[PDB]
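Just the one chain here, laid out as structure tokens, in the form deposited in one PDB entry.
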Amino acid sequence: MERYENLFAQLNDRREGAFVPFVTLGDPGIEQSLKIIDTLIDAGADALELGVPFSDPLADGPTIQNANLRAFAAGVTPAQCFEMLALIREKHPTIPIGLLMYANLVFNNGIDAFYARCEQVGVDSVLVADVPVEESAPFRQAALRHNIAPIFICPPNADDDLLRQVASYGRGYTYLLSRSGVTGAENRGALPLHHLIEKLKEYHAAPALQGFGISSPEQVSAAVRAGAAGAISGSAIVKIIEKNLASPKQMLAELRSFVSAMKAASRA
């Protein structure tokens, strides 16, 4: 499969950007998380970024730290996450599905075996948050052997060597960090910026998705206007879950309203 390539071609045909929510799998429990994810898709999500709960999410701010904790309170394991993934794919055959992983969960029972399991359930990409390009070889090689896109990160201050490496090594999409620091809606980033977006295109990188701090429709619109192929939003989505824990039907209605507005901002 190449679900991202098909998505980006379709969006390009429509002069449209991608809107890609992040959530933690199994937050606040397996059944509600499956409903959340179906809601995000029905509301207009072009692709998904999905976190496997991890004990030590060191690239995440408090909102997503708390999502991981809620999933653990519900007993969510990586094996349950793969069951969820298989079901999500069985429901939705074309949406690109990306995982947000930390290295130990990939390395734990063997790197090759991890990416083989991703291929089996129909995942499209894996972003390992704590593996920089410098350490990425065995991860990217295993990803490509199993038809999984390895996602790499372009920081705002990326030099030319790093841009070249991210462009060569990544597939699916290039992650364009909006700022330094950790995930969170409370901290708005840049200013993609344009120079980086242009150099990535020059180097034939996978299309750029901007992420970190994207919490409003205006930011989605700006990202696309700057030349990114779309935008990722996590904390802003997860905050709606957190706010409405006691009210699961209201949670779904608010997610739908938010995602619909965010996706609307990506259209030409």
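The first residue of the sequence shown is number 1, and the count goes up from there. Residues that one form lacks are left out of the comparison. C-alpha atoms forming the largest set that superposes within 1.5 Å between two forms make up the rigid core.
Participant: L191: absent from a third or more of the other PDB entries compared?
Facilitator: Per the records, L191 goes unmodelled in at least a third of the other entries.
Participant: Relative to the other compared entries, is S180 without coordinates in a third or more of them?
Facilitator: Looking at the other entries that model residues on either side of it, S180 is missing from at least a third.
Participant: Looking at the entry, does 13-21 or 255-263 show the higher mean C-alpha B-factor?
Facilitator: It is 13-21 that shows the higher mean C-alpha B-factor.
Participant: Do the C-alpha atoms of 179-187 or of 125-133 have the higher average B factor in the entry?
Facilitator: Stretch with the greater average CA B-factor: 179-187.
Participant: Looking at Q120, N108, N147, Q141, which has the highest Cα B-factor in the entry?
Facilitator: Highest C-alpha B-factor among the listed residues goes to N108.
Participant: Based on the PDB record, which member of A73, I95, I153, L85 exhibits the highest Cα temperature factor?
Facilitator: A73 has the highest C-alpha B-factor of those listed.
Participant: Based on the entry's values, in what third of the chain does the Cα temperature factor of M101 lie: lowest, middle or highest?
Facilitator: Its C-alpha B-factor belongs to the lowest third of this chain's values.
Participant: Compare the C-alpha B factor of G61 with those of the other modelled residues in its chain, then answer lowest, middle or highest third.
Facilitator: It falls in the middle third of the chain.
Participant: Taking the C-alpha B-factors as the PDB entry records them, is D159 in the lowest, middle or highest third of its chain?
Facilitator: Highest third.
Participant: Sort the modelled residues of this chain by their C-alpha B factor and say whether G44 lands in the lowest, middle or highest third.
Facilitator: Its C-alpha B-factor, which the entry lists for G44, ranks in the highest third among residues of this chain.
Participant: State the tercile, meaning the lowest, middle or highest third, of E90 with respect to the CA B-factors recorded for its chain.
Facilitator: For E90, the deposited C-alpha B-factor lands in the lowest third.
Another form exists, deposited in another entry; not displayed. Remarks below refer to it.
Participant: At a threshold of 2 angstroms on the CA positions, core aligned, which residue out of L34, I41, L69, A59 shifts between the shown form and the other one?
Facilitator: It is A59; the other listed residues stay below 2 Å.
Participant: Superpose the two forms on their rigid core, then report whether the C-alpha of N109 is displaced by 2 angstroms or more between the shown form and the other one.
Facilitator: No.
Participant: Core superposition done; which regions of 3+ residues show CA shifts of at least 2 Å throughout between the shown form and the other one?
Facilitator: These are the shifted runs between the shown form and the other one: 55-60, 106-108, 189-192.
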